[PDB]
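Participant: Please find one structure pasted underneath; my questions will follow.
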Amino acid sequence: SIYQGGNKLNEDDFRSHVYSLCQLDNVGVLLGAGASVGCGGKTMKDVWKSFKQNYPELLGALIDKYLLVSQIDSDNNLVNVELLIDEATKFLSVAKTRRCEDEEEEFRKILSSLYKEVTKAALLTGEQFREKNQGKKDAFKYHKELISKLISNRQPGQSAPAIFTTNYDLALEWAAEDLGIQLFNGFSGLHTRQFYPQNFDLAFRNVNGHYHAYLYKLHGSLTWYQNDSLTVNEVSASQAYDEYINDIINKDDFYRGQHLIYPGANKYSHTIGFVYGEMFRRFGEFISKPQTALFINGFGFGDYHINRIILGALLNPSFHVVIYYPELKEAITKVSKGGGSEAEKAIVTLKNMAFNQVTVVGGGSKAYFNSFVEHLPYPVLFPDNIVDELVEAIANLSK
Amino acid sequence: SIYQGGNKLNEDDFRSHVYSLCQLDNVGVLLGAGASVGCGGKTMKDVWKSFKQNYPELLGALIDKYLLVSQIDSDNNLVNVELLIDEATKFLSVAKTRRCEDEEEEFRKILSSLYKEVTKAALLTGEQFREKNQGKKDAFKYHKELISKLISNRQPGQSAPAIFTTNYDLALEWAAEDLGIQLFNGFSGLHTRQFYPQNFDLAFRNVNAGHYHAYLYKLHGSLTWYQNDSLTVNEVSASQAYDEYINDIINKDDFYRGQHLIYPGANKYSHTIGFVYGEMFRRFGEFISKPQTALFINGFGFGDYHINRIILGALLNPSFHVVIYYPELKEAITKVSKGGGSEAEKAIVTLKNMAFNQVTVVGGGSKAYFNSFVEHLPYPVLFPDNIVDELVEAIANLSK
Amino acid sequence: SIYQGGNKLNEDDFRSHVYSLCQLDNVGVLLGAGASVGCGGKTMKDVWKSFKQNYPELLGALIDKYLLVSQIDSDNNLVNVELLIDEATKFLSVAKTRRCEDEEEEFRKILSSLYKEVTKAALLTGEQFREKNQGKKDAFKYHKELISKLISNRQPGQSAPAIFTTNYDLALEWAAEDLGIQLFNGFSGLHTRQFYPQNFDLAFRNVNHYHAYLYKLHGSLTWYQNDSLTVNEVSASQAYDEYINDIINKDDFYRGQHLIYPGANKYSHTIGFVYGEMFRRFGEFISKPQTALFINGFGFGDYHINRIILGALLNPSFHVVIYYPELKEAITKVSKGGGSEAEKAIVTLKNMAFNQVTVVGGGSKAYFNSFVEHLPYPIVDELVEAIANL
Ligand SMILES: Nc1ncnc2c1ncn2[C@@H]1O[C@H](COP(=O)(O)OP(=O)(O)OC[C@H]2O[C@H](O)[C@H](O)[C@@H]2O)[C@@H](O)[C@H]1O
Ligand SMILES: Nc1ncnc2c1ncn2[C@@H]1O[C@H](COP(=O)(O)OP(=O)(O)OC[C@H]2O[C@H](O)[C@H](O)[C@@H]2O)[C@@H](O)[C@H]1O
Ligand SMILES: Nc1ncnc2c1ncn2[C@@H]1O[C@H](COP(=O)(O)OP(=O)(O)OC[C@H]2O[C@H](O)[C@H](O)[C@@H]2O)[C@@H](O)[C@H]1O
């Protein structure tokens with residue numbers, strides 16, 4: 001269930017290790033798309049089912065004329081969405097050069113439908129997306145505990161925690177604004193909010209309140225748009241819903257560059273994108289510094305970039321990592337049978353190393369977001385220890 | 001029924017935490033109108049009960065014509081005094097603007113008939129208000145104990161304790177004058193006492209090194225303060241105050257003309273002649289924005305907007321600890337579970353559900369009274385070997 | 001006329017004195033409603049005249065039945081509307097509580113008309129109010145200079161400049177945003193903004209870039225109190241889509257205790273708390289040592305600001321500079337028997353025998369624009385265009 005360096009580890013020692021791992025100089029987390037399942041989110045598996053059910057006509061064309069997907073994989077619902085986008089874009093680009101009008105519309109329809117399906121699963125509240133004070137609900141009660149535990153475990157003279165994510169939903173912002181705390185994401189201004197890369201080096205100070213954190217979104221957001229003027233703007237949720245989200249969801253018009261996101265395999269296709277590179281540079285720079293700990297939850301290991309970056313970080317004798325993977329036993333069994341997908345071989349390789357700096361936690365339902373939040377400890381405000389634990393010695397001498 | 005951070009803890013851990021808190025850089029306390037119940041005071045509910053009995057026709061007119069209070073709200077004892085006073089003042093002002101005649105005098109009578117109950121309930125002793133040695137009785141023992149416990153625990157090179165209150169009575173001055181302690185109030189002189197804001201930074205000093213003193217802040221004025229036409233604040237003794245201007249209030253009727261400085265109102269910013277009220281709150285705000293600070297609250301009912309806001313906004317510091325006493329706690333949770341309850345019943349339950357270790361809430365009914373509050377305070381240890389007795393700790397207890 | 005406590009000095013002495021004042025520890029700038037006329041602002045006189053000439057049918061009722069407008073002041077255009085709105089709201093609340101059905105609908109018309117007249121003179125851009133980068137226009141040019149130089153004067157290790165304004169229009173925010181400088185106004189968040197008073201003591205510092213404070217005395221067009229008992233804030237576009245557009249382009253509709261401008265709802269603690277906070281912060285700043293305050297665009301028509309300014313003059317290190325143009329006319333009016341209490345208060349400061357007060361009067365001598373270019377002084381476009389060519 002719990003492995004450290006290829007061996008087996010118990011529970012009490014695991015808790016003691018986790019407690020000691022939160023006292024280092026740098027602590028950070030990385031949250032995937034499975035972390036927001038309890039708040040009302042979806043998963044890429046359900047997107048395929050929704051697309052298949054809602055659009056029964058385009059699937060036939062895709063499987064018949066263009067041979068972009070196999071029949072058995074479609075029936076089993078085990079197809080990769082992040083890969084079909086690249087093939088569809090390549091097909092669209094090839095046809096547009098030779099002036100073939102019939103194929104362009106048929107591929108634009110597929111792209112518009114798939115993008116419409118993707119965006120709808122990030123609202124988390126349906127039509128209630130345009131209301132206010134959504135952070136007071138009971139669903140967003142564990143994010144608040146996570147933030148409180150991450151920030152309360154700090155000593156004066158240390159650095160602030162950092163949070164990395166690969167989602168689009170506005171759960172972290174709502175949870176943080178509920179408690180009245182401020183997060184920094186490189187934006188500033190109210191009426192005209194822009195992106196300034198140098199706003200990541202600013203911290204609070206008392207002239208005569210010391211509670212803040214950073215937040216990096218590695219794949220954009222649902223409220224960021226570009227006007228092609230080499231600038232990026234951010235607006236509120238109700239403003240965005242009134243502007244373009246409602247039209248995209250309901251009017252079923254053709255998709256354009258209303259909002260910038262990165263669904264796909266090759267992230268370098270967007271040449272004029274200068275945000276993605278900046279965020280990944282900050283991630284890589286944060287990793288390299290010594291005396292660092294990192295907790296990973298909700299990640300499916302389906303990205304070449306991230307799991308290629310992680311592997312090279314273990315040559316530093318000051319980097320510790322904790323990885324949660326629910327369905328570990330199935331992957332272990334299936335790799336020995338001949339092999340499986342590329343996502344599972346990576347996690348199997350990590351488990352089998354011989355360094356005492358990698359820990360993998362499995363166990364199905366007990367390696368979820370709630371359990372991960374529960375494992376984090378509370379600080380001890382006031383540290384005799386010479387007789388305090390010796391009082392119970394009299395009690396246990398009463399056999 | 002003791003909670004911190006949403007969890008629960010026992011008595012021994014609570015007492016150890018209380019002992020730990022008392023030896024910080026700064027220590028303070030905040031009292032309310034519930035702490036004077038044991039000394040002979042009364043709450044606003046008794047004030048309303050007396051008013052409804054003593055003025056039948058005024059209540060009837062209010063119910064029938066002016067419609068300020070509904071028939072169902074009054075009988076079940078759920079009315080409010082601050083909002084009623086504010087609404088009556090607004091109605092009087094609009095009546096004056098409309099140049100009315102009967103409404104003006106009727107609302108003047110209504111307003112003048114209300115301050116009498118407050119002044120009557122603020123005496124704590126009755127006819128013996130203008131007498132000497134009032135602190136020698138047995139009704140002020142616990143206040144003396146609290147003052148002694150607060151003063152004794154301090155170490156050389158630290159800051160003097162501070163006390164805040166929202167009362168009109170003199171339960172603290174009588175107790176402090178019996179022991180010989182010299183409180184600093186913000187006044188000077190004997191034959192003419194004036195409010196100088198610059199005296200809040202003065203400390204005693206002996207040429208050969210009495211050493212015991214403390215500060216007192218009254219947030220809502222006092223019963224012994226009157227403002228002259230020269231925009232000055234003067235303080236007198238109890239005997240002179242009783243003799244000159246407060247005797248006529250009880251015996252006679254309709255003779256209230258800004259005689260004493262009190263704020264029974266929900267909002268005080270509309271009143272634009274009071275600057276001491278803004279003076280005390282600056283010190284209160286400055287006190288709770290310093291590192292290594294602790295604060296105890298007892299007798300407060302969370303009925304003030306400004307205090308609630310300033311307390312809530314002060315929890316963002318990482319070196320602030322607070323203890324709150326609130327006797328009827330289970331009922332508030334039960335009423336909130338249905339989504340209802342008053343705003344006061346919601347402010348307390350919101351605080352209890354925080355995820356920080358820097359907040360503590362105590363309930364239990366009769367276990368969270370003023371008498372029990374003083375008992376939890378620890379006596380200092382003088383000479384401490386304390387390292388060899390811990391060896392004997394196991395030996396001493398050998399029953400079986 | 002340019003007099004310094006009753007004496008006269010050349011321009012060089014004035015420049016040296018203002019330079020010495022600008023080299024103090026604490027500085028502050030106070031602006032009134034007269035500062036907005038440089039880009040499309042309006043004064044009380046013009047709006048009152050327009051209301052008189054547009055709705056004369058209900059002015060007689062306001063005088064005969066309610067007794068709200070002084071006839072002599074109305075003819076002389078010497079009436080305050082800010083107090084009138086507050087008393088109208090009080091009257092409406094009293095009528096609603098008393099359950100007077102006939103009288104309840106009467107005050108809706110006057111309140112709607114007053115709010116329609118008020119909001120027409122605060123957009124400053126008309127129908128283009130909901131666009132972006134509106135601070136880039138040439139109209140908001142001297143505001144950039146004022147803010148930039150005020151920030152530039154401050155030396156390292158000292159405090160930050162403060163700005164007090166009575167206008168309730170989005171004027172300084174555009175200039176601050178387009179300049180590239182952050183300002184703190186006691187609000188935080190993006191999706192749901194709330195008012196936290198304790199934000200006026202924060203600062204920035206690079207771990208390996210300054211700011212300024214703004215105090216809106218009477219609120220703004222964006223601050224509004226929703227159904228919940230909390231104070232919020234919205235952007236210009238959202239407010240325009242929500243309520244600003246309707247009240248200007250609708251027949252008759254009134255919500256009630258919803259909006260928090262201009263200094264209107266002071267009878268509610270939830271709404272009066274912010275006003276009290278601004279008053280307290282102003283008073284606290286005024287009563288600090290070695291402070292210099294610059295006044296401009298204020299008509300001295302308030303019974304509260306004048307007295308609190310007068311009381312603070314006890315300290316020998318509190319300098320006040322006033323910019324009131326019509327000084328010689330004031331002297332001529334004072335010469336005869338007739339006079340006004342406001343102008344008597346204004347001319348009282350000229351009876352001082354110490355070199356701290358300096359009153360500037362005349363024509364262009366004391367204007368909000370001219371006041372801007374009195375403080376001392378402290379490409380990319382070509383490259384941007386070259387890049388934009390592709
Ligand atoms: N309740 C739960 N709590 C935690 N983890 C869970 C839970 N339920 C399932 N899981 C695990 O959550 C995981 C679900 O994996 P998926 O979200 O499809 O893969 P990814 O995270 O790489 O996709 C993120 C995409 O978002 C970007 O836009 C890019 O397109 C990324 O590819 C499995 O391990 C489940 O067992
Ligand atoms: N024996 C007791 N010992 C301690 N506390 C007690 C006791 N009995 C009751 N309490 C608590 O004492 C508290 C007071 O009951 P509340 O009805 O809020 O008092 P008020 O209405 O007279 O005015 C209270 C303040 O609110 C106003 O705005 C003014 O600022 C007043 O100062 C409750 O928690 C009681 O349970
Ligand atoms: N270009 C100009 N240059 C100089 N002064 C000017 C200019 N244009 C106008 N003025 C002067 O600007 C002045 C405008 O005076 P008022 O608008 O009454 O002052 P406030 O609103 O700031 O005062 C606030 C109070 O007003 C409310 O009623 C409440 O009582 C508020 O508390 C006149 O003297 C003009 O000559």
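All residue names refer to the structure tokens as shown: chains lettered A, B, ... in order, residues numbered from 1 in each chain, ligands numbered from 1 in order.
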So which residues of stretch 125-166 of chain B fall under strand (DSSP E or B) by DSSP, listed as a ChimeraX atom specification?

Facilitator: /B:162-165

Participant: Any chance you could tabulate, as JSON lines, the residues of stretch 66-159 of chain B at most 6 Å from stretch 166-188 of chain B with each one's nearest atom pair and distance in Å to one decimal, using only C-alpha atoms, in chain and rising number order?

Facilitator:
```
{"residue": "B:122", "atom": "CA", "partner": "B:169", "partner_atom": "CA", "distance": 5.4}
{"residue": "B:135", "atom": "CA", "partner": "B:174", "partner_atom": "CA", "distance": 4.7}
{"residue": "B:144", "atom": "CA", "partner": "B:175", "partner_atom": "CA", "distance": 5.5}
```

Participant: Using only C-alpha atoms and all ligand atoms, what are the residues with an atom within 9 Å of ligand 3, set out as a short mmCIF file (atom, residue, chain, number, x, y, z; two decimals) with C-alpha atoms, in the first residue's frame?

Facilitator:
```
data_model
loop_
_atom_site.label_atom_id
_atom_site.label_comp_id
_atom_site.auth_asym_id
_atom_site.auth_seq_id
_atom_site.Cartn_x
_atom_site.Cartn_y
_atom_site.Cartn_z
CA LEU C 31 -9.76 67.95 -3.68
CA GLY C 32 -13.38 69.02 -3.88
CA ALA C 33 -16.20 68.82 -6.41
CA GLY C 34 -14.78 71.79 -8.33
CA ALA C 35 -11.78 69.82 -9.58
CA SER C 36 -13.82 67.73 -12.04
CA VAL C 37 -14.77 70.62 -14.36
CA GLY C 38 -11.50 70.24 -16.27
CA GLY C 41 -17.56 68.12 -14.57
CA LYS C 42 -20.46 70.15 -13.22
CA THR C 43 -21.09 72.16 -10.06
CA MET C 44 -24.04 72.42 -7.69
CA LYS C 45 -25.24 75.68 -9.24
CA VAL C 79 -29.17 75.37 -1.61
CA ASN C 80 -27.42 72.09 -0.78
CA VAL C 81 -28.80 68.96 -2.43
CA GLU C 82 -26.73 66.38 -0.51
CA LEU C 83 -28.64 67.11 2.70
CA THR C 165 -11.27 63.70 -2.88
CA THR C 166 -14.94 64.60 -2.48
CA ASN C 167 -15.91 63.73 -6.07
CA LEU C 217 -15.44 60.81 1.32
CA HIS C 218 -18.90 60.49 -0.26
CA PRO C 262 -23.36 60.70 -2.73
CA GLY C 263 -23.04 60.65 1.09
CA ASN C 296 -8.15 72.87 -4.06
CA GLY C 297 -11.67 72.86 -5.46
CA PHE C 298 -13.47 73.01 -2.09
CA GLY C 299 -16.14 75.66 -1.52
CA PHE C 300 -15.87 75.62 2.30
CA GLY C 301 -19.60 74.89 2.52
CA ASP C 302 -19.37 72.21 5.22
CA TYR C 303 -19.85 72.88 8.93
CA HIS C 304 -17.56 69.94 9.82
CA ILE C 305 -14.41 70.11 7.67
CA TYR C 323 -6.46 77.89 -3.54
CA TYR C 324 -9.57 80.09 -3.67
CA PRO C 325 -9.80 82.30 -6.80
CA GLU C 326 -12.55 84.84 -5.99
CA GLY C 363 -8.46 84.13 -12.13
CA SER C 364 -6.11 81.47 -13.48
CA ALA C 366 -6.26 79.49 -8.38
CA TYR C 367 -7.58 76.80 -10.72
CA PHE C 368 -7.40 73.03 -10.35
CA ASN C 369 -5.44 72.75 -13.60
CA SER C 370 -3.08 75.61 -12.73
#
```

Participant: List the spatial neighbours of residue C:235 as a list in words - criterion: any atom at most 10 Å away, only C-alpha atoms, same-chain residues fewer than 3 positions off excluded.

Facilitator: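 My list of contacting residues is residues 190, 191, 192, 235, 236 and 239 of chain A; 130, 190, 221, 222, 223, 238, 239 and 240 of chain C.
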
Participant: Would you export the selected residues with C-alpha atoms as a PDB file, in the first residue's frame, please?

Facilitator:
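Okay, this is what ended up in part.pdb:
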```pdb
ATOM      1  CA  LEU A 190      -9.554  46.489 -11.647  1.00  0.00           C
ATOM      2  CA  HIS A 191     -11.093  48.159 -14.712  1.00  0.00           C
ATOM      3  CA  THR A 192      -8.314  47.029 -17.099  1.00  0.00           C
ATOM      4  CA  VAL A 235     -12.491  39.571 -16.035  1.00  0.00           C
ATOM      5  CA  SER A 236     -14.964  38.409 -13.407  1.00  0.00           C
ATOM      6  CA  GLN A 239     -18.934  39.351 -16.759  1.00  0.00           C
TER       7      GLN A 239
ATOM      8  CA  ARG C 130     -17.887  51.193 -20.888  1.00  0.00           C
ATOM      9  CA  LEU C 190     -11.850  40.065  -7.767  1.00  0.00           C
ATOM     10  CA  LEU C 221     -20.806  55.233  -8.614  1.00  0.00           C
ATOM     11  CA  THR C 222     -19.627  51.611  -8.225  1.00  0.00           C
ATOM     12  CA  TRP C 223     -19.908  51.015  -4.469  1.00  0.00           C
ATOM     13  CA  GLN C 238     -20.995  45.521 -14.769  1.00  0.00           C
ATOM     14  CA  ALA C 239     -22.482  48.556 -13.008  1.00  0.00           C
ATOM     15  CA  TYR C 240     -23.540  50.060 -16.345  1.00  0.00           C
TER      16      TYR C 240
END
```

Participant: Taking only C-alpha atoms and all ligand atoms and a cut-off of 7 Å, can you tell me which residues surround ligand 1, written as a list in words?

Facilitator: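 Checking only C-alpha atoms and all ligand atoms against ligand 1 at 7 Å gives residues 32, 33, 34, 35, 37, 38, 43, 44, 45, 82, 166, 167, 219, 262, 263, 264, 297, 298, 299, 300, 301, 302, 303, 325, 326, 327, 368 and 369 of chain A.
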
Participant: What does the distance between atom CA of residue A:67 and atom CA of residue A:118 come to in Å, to one decimal place?

Facilitator: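 Separation between atom CA of residue A:67 and atom CA of residue A:118: 22.5 Å.
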
Participant: Report as CSV the residues of chain C within 7 Å of chain B, each with its shortest atom pair and distance in Å (one decimal), using only C-alpha atoms, ordered by chain and increasing residue number.

Facilitator:
```
residue,atom,partner,partner_atom,distance
C:66,CA,B:98,CA,6.2
C:91,CA,B:94,CA,6.6
C:94,CA,B:91,CA,6.8
C:98,CA,B:66,CA,6.3
C:269,CA,B:267,CA,5.6
C:276,CA,B:269,CA,5.7
```

Participant: For the residues in the current selection, export C-alpha atoms as an mmCIF file, in the first residue's frame.

Facilitator:
```cif
data_model
loop_
_atom_site.group_PDB
_atom_site.id
_atom_site.type_symbol
_atom_site.label_atom_id
_atom_site.label_comp_id
_atom_site.auth_asym_id
_atom_site.auth_seq_id
_atom_site.Cartn_x
_atom_site.Cartn_y
_atom_site.Cartn_z
ATOM 1 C CA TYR C 66 -42.699 69.752 3.140
ATOM 2 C CA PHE C 91 -39.133 61.200 5.008
ATOM 3 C CA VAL C 94 -40.999 57.484 7.968
ATOM 4 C CA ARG C 98 -46.359 54.870 9.193
ATOM 5 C CA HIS C 269 -24.960 51.695 10.514
ATOM 6 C CA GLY C 276 -17.243 57.213 9.747
#
```

Participant: Enumerate as a list in words the residues belonging to chain A that approach chain C to within 8 Å, with only C-alpha atoms taken into account.

Facilitator: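 The contacting residues on chain A are residues 132, 133, 174, 177, 182, 188, 189, 190, 191, 192, 201, 202, 203, 204, 205, 206, 207, 208, 209, 236, 237 and 239 of chain A.
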